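Q: The letter at position 3 of the first sequence is residue 180 when you use the deposited numbering, and the numbering goes up by one with no holes. The C-beta atom is built at its ideal place from N, Cα and C for all residues, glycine as well. Shown below is the structure under consideration.
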Amino acid sequence: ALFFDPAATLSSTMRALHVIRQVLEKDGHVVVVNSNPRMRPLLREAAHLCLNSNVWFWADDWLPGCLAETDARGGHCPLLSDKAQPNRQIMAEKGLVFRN
RNA sequence: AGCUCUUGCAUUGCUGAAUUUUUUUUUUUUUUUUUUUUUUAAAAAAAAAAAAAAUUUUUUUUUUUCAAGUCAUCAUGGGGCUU
């Protein structure tokens, strides 16, 4: 067995979501990474239901040296792929982005 | 200038040995999506998927060490020789 905490996890959770909002609307790039296989289809659901162009997702294994960027991959496999943003390909295949 | 004179423990080259076995695991073509360089365009880069596959009658080819051998293969350093 191990620890629990209700107030801290809610506070940290709302805190991290506000952190995601500021880094997103300051024009950065957000990557969501979880390499546990059981929760991968939920991440596919999120990767199909997302709307903003800057949230990115990864579900497979973590390759050795992903963020090393030693050889110029222009960013590694978690970065800019159709796997990273599956929604961007389909949203542009439909052609209509939520655009004004 | 010429040595078939020496020195393979001065050498180049070439080879011996067993070190007898390893020489397929790796790319390329195509697709999709996207982005790097240049005043109407190619490459380039990145994520994924599919196929093509790797020379010759089947052995050659790739291989580490012995001052291993050869100055008579030619060469050539040194020394010797030229009634």
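(1) Express the C-alpha separation of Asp237 and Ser212 in angstroms, rounding to a whole number.
(2) Residues bridged to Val274 by DSSP?
(3) Taking 8 Å as the threshold, find out whether the stretch 257 to 264 comes into contact with the stretch 224 to 242 through three or more Cβ pairs.
(4) Could you give the residue range of the alpha helix (DSSP H) that holds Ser189?
A: Taking the structure as given:
(1) 5 Å
(2) Answer by DSSP bridge pairing: none, since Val274 is not bridged.
(3) yes
(4) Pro183 to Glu202
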